Structure formats: C-alpha cells, structure tokens
C-alpha cells in the first residue's frame, strides 16, 4: 500500500481527488490532490445519513414507513415507486429525504446539525435543499470522522437509531468483509464534486473509515467512485 500507486489511479481517471482513511483516530491522505481533504464542499447525497439519524431519533419517521410516490416526474426512473426510508438511501432518492427534512423542520434541523457539529453547521433557510446547494459545506476529513463515529456507534444518537442507519448502508459483502457507504454527486456546482464515505468492517471487526472526494464530469459512470475506491483499498491491503 504505497501512497504513490494511488496517485496514478487518480492521474489516470483524469480527475482531481483525495482519499481520506481513518484507523482509530490516525488519518492518512491518498490520491493526487491532497489539499481537497481540508476543503469545504456541499455534502449532497452524503447528508442523507445525518438526515436519517435526525429523523429517526426525533420520531419523524421509522424504518418501516412507506413513502408514497404521488405521481410527479423524478430525476431517475427507479425513484418512481413507493419505498422505505432504507430503500431511498440505497437509491439516493432525494424526494423522500426532502419530505423527511420538512417534517424535521428548520429549527429542529439546525439544532441537531449544530449539536452534532457537522461541517460548517450552517443550514441557512430552505430546509429541503441546504445539503445540495449550500450553505452547508463539509470537508472530507470531517466526513470520514463522522462516518467513523457511526461505525463505532459513537455518535450522539440512540444506539438503536445508529444501528438502523448502519443497516441501510451495506454495499458489498464478499470474503467475510463488509463495506458500508453512501455515494454523492453535486452535479450542479462548478466543478462537480463526487463523494463516497463509508467504512470497512474487516473480518475480525476492526473498523477502517474512508471519505473519497473527487471532482466530477458529466460523462463519468456512476461506478467510477466505486471503481477508484475498491481498487485503492485493495492496494492498501484493506480487502
């Protein structure tokens, strides 16, 4: 696991990005734009995690509620179905989480966000878009620390709420490993920012968190972040 082979994976996708890795409060940067690790970006679909936690803890919803699709045209055609808060996490279904956000309410949402101390902790005034176009911005280091506390069940929420949000985030379960995470893509700011923040539950239960953050372009496949990460964690010998 050399910090150079990982520069070339990023050199080669013609992007600019950083991979933050945390292993029990020790943090390392990999990639080819390590200055991104201290830069504030909008969270995007990654804030869904803190939204779910805030919504469940405050009983504005539950893991069994079905969100009804009331007919309107949506940005992706898989989002056009009734679905649970968990299935909306998998699909990054923004309408579901905007409905949750409006139940929470601006006052409650600002209070929770400030208490947790997520990013700049600014949510401004539109309770249903602040993670997508600001004013909320967070750095990739701050992200990997949040997602680290969530894997270790050390966030300021009930034990059962964190477990619930954790179970919404499984991505690949091969070789006795488990990779949890949540993708993101702010395709509406210049330049576009792509996220991938999660952790690896190694077979012995040791927990290694990651926040991949890269500038995006409209032609890249969704699975470019998956591809970059899965092959980076292979290099550092985490899988």
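Numbering follows the first chain given and starts at 1.
> Compare the mean C-alpha B-factor of 198 to 206 with that of 50 to 58 as given in the PDB entry, and name the stretch with the higher value.
Averaging CA B-factors over each stretch, the winner is 198 to 206.
> Identify the stretch, either 25 to 33 or 65 to 73, whose C-alpha atoms have the larger mean B-factor according to the entry.
Going by the record's values, the stretch with the higher mean is 25 to 33.
> Sorting by Cα B-factor within the chain, modelled residues only, which third would residue 43 end up in: lowest, middle or highest?
Lowest third - that is where residue 43 ends up once the chain's C-alpha B-factors are sorted.
> Consider only the C-alpha atoms of the modelled residues in this chain, order them by B-factor as the entry records it, and name the third containing residue 86: lowest, middle or highest.
Middle third of the chain for residue 86's C-alpha B-factor.
> Of the three thirds of its chain by CA temperature factor, lowest, middle or highest, which one includes residue 134?
It belongs to the middle third of the chain when residues are ordered by C-alpha B-factor.
> Split the chain's modelled residues into thirds by Cα B-factor; is residue 95 in the lowest, middle or highest one?
Its C-alpha B-factor belongs to the middle third of this chain's values.
> Relative to the other modelled residues of the same chain, rank the CA B-factor of residue 124 and answer lowest, middle or highest third.
For residue 124, whose C-alpha B-factor we compare with every modelled residue in the chain, the answer is the highest third.
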